[PDB]
Amino acid sequence: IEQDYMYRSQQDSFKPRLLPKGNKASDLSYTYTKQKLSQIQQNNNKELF
Amino acid sequence: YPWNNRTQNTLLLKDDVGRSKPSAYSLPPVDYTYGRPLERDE
Amino acid sequence: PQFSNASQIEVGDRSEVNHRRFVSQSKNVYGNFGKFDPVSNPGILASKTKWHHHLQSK
Amino acid sequence: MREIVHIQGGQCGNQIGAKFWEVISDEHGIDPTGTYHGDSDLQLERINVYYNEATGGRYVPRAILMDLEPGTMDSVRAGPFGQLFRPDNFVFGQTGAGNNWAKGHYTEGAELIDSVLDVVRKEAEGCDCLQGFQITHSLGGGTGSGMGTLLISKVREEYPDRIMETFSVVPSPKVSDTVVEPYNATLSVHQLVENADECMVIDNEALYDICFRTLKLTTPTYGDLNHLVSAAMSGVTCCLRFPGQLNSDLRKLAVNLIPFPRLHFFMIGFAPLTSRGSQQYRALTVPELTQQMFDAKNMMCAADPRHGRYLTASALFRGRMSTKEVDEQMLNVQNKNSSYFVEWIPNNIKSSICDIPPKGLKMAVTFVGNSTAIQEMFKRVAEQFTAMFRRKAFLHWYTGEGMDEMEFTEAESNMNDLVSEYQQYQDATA
Amino acid sequence: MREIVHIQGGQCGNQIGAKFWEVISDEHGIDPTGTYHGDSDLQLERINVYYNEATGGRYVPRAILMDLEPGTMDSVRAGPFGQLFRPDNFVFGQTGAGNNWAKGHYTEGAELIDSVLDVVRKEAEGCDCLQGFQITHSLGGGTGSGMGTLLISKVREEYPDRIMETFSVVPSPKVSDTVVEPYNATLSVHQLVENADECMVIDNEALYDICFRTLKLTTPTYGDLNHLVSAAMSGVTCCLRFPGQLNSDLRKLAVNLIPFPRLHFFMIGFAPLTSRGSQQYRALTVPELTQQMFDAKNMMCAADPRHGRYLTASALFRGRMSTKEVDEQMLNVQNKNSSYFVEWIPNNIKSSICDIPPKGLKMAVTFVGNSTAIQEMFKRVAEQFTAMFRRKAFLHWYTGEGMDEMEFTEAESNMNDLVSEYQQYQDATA
Amino acid sequence: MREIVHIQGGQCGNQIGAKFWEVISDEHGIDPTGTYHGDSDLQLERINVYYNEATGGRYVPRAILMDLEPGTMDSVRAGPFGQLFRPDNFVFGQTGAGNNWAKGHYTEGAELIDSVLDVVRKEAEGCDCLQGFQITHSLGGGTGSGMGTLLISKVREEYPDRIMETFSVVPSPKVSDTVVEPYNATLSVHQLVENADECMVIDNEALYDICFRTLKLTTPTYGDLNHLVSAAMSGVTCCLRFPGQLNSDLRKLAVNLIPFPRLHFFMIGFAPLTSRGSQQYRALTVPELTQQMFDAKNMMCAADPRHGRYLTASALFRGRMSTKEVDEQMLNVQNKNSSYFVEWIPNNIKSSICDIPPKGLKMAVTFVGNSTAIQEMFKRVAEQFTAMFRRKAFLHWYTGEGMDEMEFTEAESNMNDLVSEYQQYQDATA
Amino acid sequence: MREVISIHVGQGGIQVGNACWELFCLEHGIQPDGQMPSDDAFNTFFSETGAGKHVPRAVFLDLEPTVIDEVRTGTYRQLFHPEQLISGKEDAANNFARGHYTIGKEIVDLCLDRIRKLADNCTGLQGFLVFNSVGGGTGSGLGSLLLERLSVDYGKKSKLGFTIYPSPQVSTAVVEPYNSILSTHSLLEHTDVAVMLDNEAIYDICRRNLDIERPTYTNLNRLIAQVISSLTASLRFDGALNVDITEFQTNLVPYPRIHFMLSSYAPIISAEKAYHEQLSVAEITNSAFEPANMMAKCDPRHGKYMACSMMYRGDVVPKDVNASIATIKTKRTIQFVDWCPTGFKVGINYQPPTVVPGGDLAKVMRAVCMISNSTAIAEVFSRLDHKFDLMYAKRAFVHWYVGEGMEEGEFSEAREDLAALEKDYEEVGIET
Ligand SMILES: Nc1nc2c(ncn2[C@@H]2O[C@H](COP(=O)(O)OP(=O)(O)OP(=O)(O)O)[C@@H](O)[C@H]2O)c(=O)[nH]1
Ligand SMILES: Nc1nc2c(ncn2[C@@H]2O[C@H](COP(=O)(O)OP(=O)(O)O)[C@@H](O)[C@H]2O)c(=O)[nH]1
Ligand SMILES: Nc1nc2c(ncn2[C@@H]2O[C@H](COP(=O)(O)OP(=O)(O)O)[C@@H](O)[C@H]2O)c(=O)[nH]1
Ligand SMILES: Nc1nc2c(ncn2[C@@H]2O[C@H](COP(=O)(O)OP(=O)(O)O)[C@@H](O)[C@H]2O)c(=O)[nH]1
Ligand SMILES: [Mg+2]
């Protein structure tokens, strides 16, 4: 009984972690936005050969 | 975690035995003097 | 056949979560004292009171 | 504190008790291994009313299982939630009673009764401040109706002050199981009237009618009737086990329900009861709860409340609600149906509120009513009993075991006196 | 100017697409020969959204038709308005799927999608600024559910920023005509939630429900059901093609209806709907339209929205009216049904006005609602899947093309997680 | 604008209501096609009271039709003025009640009233401001008395403040055409006293008597009787639709005419009634009108008011006249017949004037009276009830489908109490 | 330097007392744990622990632990001294005999031990406050015992009893008339002043003024605490006209037998968003005299007034009260006994009434509390006498009392004590 209560007490203290971060196509669009917005400046940076 | 006589919720869950009754509210830390002080006249 | 009593009358509908099931009226009504910025605008007080009463009832 | 012990007797009593203990364990968050699984801290606040502390934190009920046949105990133990009970409380005979009131009250009871008295007195001395006794039995059998009432009489003898209430499943005439039902039922009524402080009668016909009409289930079993009885019975101690606006323990009910000491037979009912295919809509408010409470067909007895006048009534509200509405609804019911209430008892309805609703419900109501309609169920049993005593058949087995017709003659006269004095107050005017 | 392309697959998708283009052509006054017939210049101001420009002053739709069996394309050509479609846009297989998800998604779908992906890539480049994609297919069929969901995966990979909308028809357990529909339905659902930005559920049971009772026509046919979907399909994108007091495109609706990206399953309904012998008797007004819009039986899904909570809702009014009728009624319906709307998002309803009514009507409303009550149809489908999968019935066909049981296991977990996520957000309080 | 809705049930309600809508449409100048072709502007000022306008300019009555069989609904649709009623307002079953109260109130009535209650609810909230309800049904029949009284109870718990009227065709033993009248007559009366605010009883024998003697018609038909009842109905709400000197609506009638809550049964009459061949030989003056409306044989009930004392009466004059005669004649008839008016209430007659009389008439009067002479209908019905209930004849049909003799006793008991109290004030003195 | 001790007995007294101590800490800035965050008015109701927290001057009595441990586990566990929360073992169960002769004597000794332990600490006692609901066993049985014992322990010390008499028609018990009659005889000569606080009137005020269709016991206690706060506000706050506790019962009591009061409070303003109104003194006084506004179901127009005490708190000027009082006298519906030409006593306090955050009432600059003595108070005694008449006629529920230390006698003189009391009101109000 003591071990049962130890296990339940240690397992019951963890729960309030939700942080909705589902990203399946939203992540793809987000990466596309970063890529274009960050790489336009880098495109207007290269030195000619 | 209030299992039986383990952690402070209320005296009913305490039901302490053996030596004394456990601390309940907060109590002063270690060695506070209890009561109205005296012996002052300026 | 199913052995023993095998009751299925299911008096409670269940599948309903009541987070405030064990909150007594004597406990909750007398000790909220939540928010209530000491503002002098009657409208703010009235809106806050309506929201507080809605939260208490629900 | 103010704890109550449980002693269940007979097959009917054990069937009631198993489901009752399952219901209580579910309410208080206890697994069939006696390990706490509650979520709120109010669940262990008053667990000591029914439960005790064992080493390691295991909780065990104060139930005493007693009968004459081992077939009930070895089945209730093999069933679910049977591990809570201590085997020391498992006491039973080996010869049976044969549903014979004389046999189970005179012959084999005299020597088996010592062990059950020893265990019940051990439990009573173990508990700190006893409040009352509860016993579940039936008057249609022999071992129950006889042995239980003998035990009740003597435990009253050593505890004349503590209250004591019992639940009785009185036999019904339309669905009869035993040919000797009038005999032992009359004997149990005679031995119980002066011993039980409170008595609650349950009709199996009424349970069938309720389950057929409002539950709309085509196939009922003994589990469902036991479930209804267990719910209605556990609703009584709600304010005793949980905080409420107006707590009202068993002693409070006794004062407000019994006007005269010989009138303590009650009918009970429960609400709400929705169908299994109930749509998800609205919520239960007070007016529908009280309407279904005072509905006559909701009563758990074959006696029709509209056939008589209510001496008094009691309502046990479960849930979180205000107090004005329940009082004005009781006053509205009284003003609407004053013809069903005797007029020399103004405001003859008691109300109580408990702040912990049954799990899975928003609101619930328990009804206990002392009405003058129980005279019919006494009258029909008496008519059967006199007809089945004039024959003087099946009488030789009863008389050949130490008794004779004197007890029957004095019992029928006493029970007739009960009906006469019970109708006297119904016909009395202010 | 923010045009969209149309893609339709499967037998059901082709019939929905065949009748949908008839409604749009009539709305913009295009004859079966592809020549303009309209009266006002407003019908030509935004013609480029759906029709490309061809020589001679004729228009051709930018719709790609796909199937695994060419018999469907022979039928769609011989129907009315069948000459508008460009013959190059037909891409077809010569084998068929045979109501098998595996065959249409691994063997035949993979080898054929190279051709169709080239066509849709060519169509997208032609436009100056793409707005999005819309898909019409059935989730119970083989080619529609199998290859249709794989094309969505490929298109999403190469066009991330664009929005995708799917009018999906899932089979209901009441009107069931395919034994193996539970397998290919759940497999597509897991794939659909991964990539599709918007999903709109349609049930043949609900379409039959509307026809029998609302329109009161004795013998409906598949043409009647296709007409209801086509009316709703054109309504959602109306304001993008016509001016109005308040503008709204597909992206705007997606922003105001999707709080979390995994919750993108909506239900649609169309109003008004009147019988032939009842048009002379009903007065068309905004209060009448709003009352029918939230009617539970008016939805095109088997899910009953009164069993859950509307997370968000949207309304697109078509016709000429003042904003007071719109704004006041949406406020009124939210106040009277505060129990059917979740509390932590106040004012969770969106209104739009377009001043061009349909032909023969003076007012029309298209409704798109996001509700947690849609989880129950997923539960019913998953209920039938687990009943069949434990016995591994009809499994050797699905394992015959290399797909293994772990994908079957993966489908159950992801489907259950989606159902659980709906339940969590319904039972939440501030 | 304080509009009223109409509900008609049973065969009587359908026939009376159909004839009623003919008179009102004629009064308001509405053709059977629903297009206005009236004469004066006064006919449109308050047309919203009885009619709803649909798009296109046609007016449709706001009436609900009730029956358990399509036998009478098809005829009224095929008859004249049958195109006015909206087809969505026709609700019916397929089994019928068969002159059984319980069938229309417990088994078939309960399952069917869910649909019709939706129609009434939609009709009520659609209009701006309710004024009340008016009911036309029969108490000696199955579907009219059974389902009819159930809906009165159902709508009462939803609209507790709105007024409600009934035009009840109670049976008379002289016209004996049903052998089960006393059973379902008492039950309907018992339910009608707690919910209906105003009841106006009608008898066929009284109506037949008026036709033979006053109109001197050699052979009448239900068409003639239905017109006389419809004439009284329109006269009650005359001031609610047209300008006048002393307007009086339905609520003003109840306040003046109901001294006590349980005294709300009235007897009505109409004047002037004149034979065809002797119309031009007599003058139309207020002294002539007031002489006939107090005639004991002019009212629609077989009871003789000269066997009791009036508590309160009301007269609703119509047309152009002088208030001096109206006030003087009422005082004159109240003094010369002081023995027929109860003393402890002074000036127990109310008068009202409306300027617009019915088409083709100069002046008309509707008389509504509250007299103790209505106890004869309840006394005679109760006598037949107990004469048949004593032997329990014709009883198994009721008790075989969920009815019990308990509420037969309750219904008879309450009605008998109503009789005792209703004639109590006849002997009461100040 | 001035102190008052409050005693709570029974569930009715405990619950109403919980609201009062919530109110008092808010007025004086005391946190729920008792620690001052971030003078000496609190000395009337609190005693300093020496450094830091404060302790209320109260003791809680009941025969059931259900209410007491709820306080010990609620949000106010941090405040009370652990031994003033006296808890019993078994309840009286609406049985006056049990609370007076069976189980009340094992706890009354403990209470008086704690009673003296609070009186000796203080020095300037003015009077005792006791709260109880008369329609119960332990509420009335212990209250009668405490008053009788305290009568000989202290003698001339003032005592205030805010009893809650049963409503004319609504009630929660069925044998509550028995307890009310017996206890009334005990407190007819043991308490200096008592007030009528039946439940129906408080329901009517909540339904009408607050416009609340959902009133429960929480709302009623909040209204009662407001009367208490206004009643003792002159003791701890500076006012234009200070009036003490001993200033009350020397002015409101013509003869020692007649000392029953009734209360009224105004204005009762809901918590809405309107501009409200200034609520001048002249109009708030008119509402205080409204027969429907009285906190007891007593019709003052059915009798004659004897004396009236009115308390104003806010920024009320003495001239406004004097003008308002004169207008009230001219009104015909309000009349006084001939042998009492002057019958008004007024007290004015500067401190405005406080508002509980989350409560129902709103903030107002003016308020009035009324305590009056009228001949009409004889009507409540008559109705309970008739109710108790139909009870004792057939001797119902009597055997429960008889078997628990009561004999048949006490119901006899309890009748005659009220009959004598009723006759006293009739003869006082007659014209000279
Ligand atoms: N105003 C108010 N009155 C209450 C409250 N609780 C109980 N009462 C009154 O108390 C009366 C009945 O007494 P009980 O509730 O039984 O309390 P008691 O008198 O101490 O008796 P016990 O229950 O044995 O403790 C009722 O008539 C109520 O009027 C409350 O919270 N507020
Ligand atoms: N409600 C209910 N009735 C029961 C149950 N078990 C038995 N009965 C009734 O009890 C009657 C027989 O009682 P019996 O077994 O002779 O009682 P015993 O002699 O004390 O065991 C039968 O008519 C049954 O209807 C039960 O679990 N619930
Ligand atoms: N609403 C609608 N449903 C259709 C239509 N045609 C077929 N269906 C449904 O689609 C199901 C068969 O799908 P199927 O043709 O095998 O899909 P496919 O394999 O992708 O072509 C049937 O159960 C029909 O109910 C249509 O025109 N409209
Ligand atoms: N005045 C009048 N009475 C009618 C008419 N139709 C039926 N009745 C009377 O109604 C009684 C029969 O009622 P019934 O139609 O069977 O009631 P239901 O079955 O509930 O609809 C008969 O005695 C008729 O006299 C009508 O058009 N006018
Ligand atoms: Mg108590």
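Residue numbers (full-length UniProt numbering), protein chains in the order written: chain A, 150 to 198; chain B, 9 to 50; chain C, 118 to 175; chain D, 1 to 430; chain E, 1 to 430; chain F, 1 to 430; chain G, 1 to 38, 46 to 439. Note that CB positions come from ideal geometry on N, CA and C, so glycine has one too.
Residue interval of the alpha helix (DSSP H) (run including residue i)
i              : result
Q188 (chain A) : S175 to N192
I24 (chain D)  : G10 to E27
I235 (chain G) : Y224 to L238
Residue(s) in a DSSP beta bridge with residue i
i              : result
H137 (chain D) : D:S168
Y106 (chain E) : Per DSSP, none; premise fails for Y106 (chain E).
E53 (chain E)  : E:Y59
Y310 (chain F) : F:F341 and F:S371
Boundaries (first-last residue) of the beta strand (DSSP E) holding residue i
i              : result
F53 (chain G)  : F53 to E55
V365 (chain E) : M363 to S371
Partner residues on chain G for residue i, Cβ-Cβ distance less than 9 Å
i              : result
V156 (chain C) : Chain G residues near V156 (chain C): none, gap ~11 Å exceeds 9 Å.
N247 (chain D) : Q11, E71, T73, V74 and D98
Under the three-state DSSP convention, the category residue i falls into
i              : result
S271 (chain G) : strand
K165 (chain C) : helix
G354 (chain G) : strand
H283 (chain G) : coil
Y281 (chain F) : coil
8 Å Cβ cut-off: residues of chain E touching residue i
i              : result
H136 (chain C) : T429
Contact list for residue i against chain F, beta-carbon separation under 7 Å
i              : result
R306 (chain D) : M406
Could you check whether the segment 101-118 of chain G touches the segment 15-31 of chain G, counting it as contact only if at least three pairs of C-beta atoms, one from each stretch, sit closer than 8 Å? These segments do not touch.
Using 8 Å as the threshold, is the segment 288-299 of chain D in touch with the segment 150-157 of chain C, meaning 3 or more CB pairs across them? No, the segment 288-299 of chain D is not in contact with the segment 150-157 of chain C.
Report yes or no: do three or more beta-carbon pairs, one from the segment 127-134 of chain C and one from the segment 346-355 of chain G, lie closer than 8 Å? Cβ pair count under 8 Å is below three, so no.
Stretch pair the segment 201-216 of chain D + the segment 166-175 of chain D: three plus CB contacts closer than 8 Å: Verdict: yes, contact present.
If we count Cβ pairs, one from each stretch, closer than 8 Å, do we get three or more for the segment 267-285 of chain E versus the segment 390-405 of chain E? In short, these stretches do not touch, since the Cβ pair count stays below three.
Is the segment 360-376 of chain E touching the segment 129-148 of chain E, taking contact as three or more C-beta pairs under 8 Å? A contact between stretches requires three or more CB pairs, one per stretch, nearer than 8 Å, and the segment 360-376 of chain E fails this requirement with the segment 129-148 of chain E.
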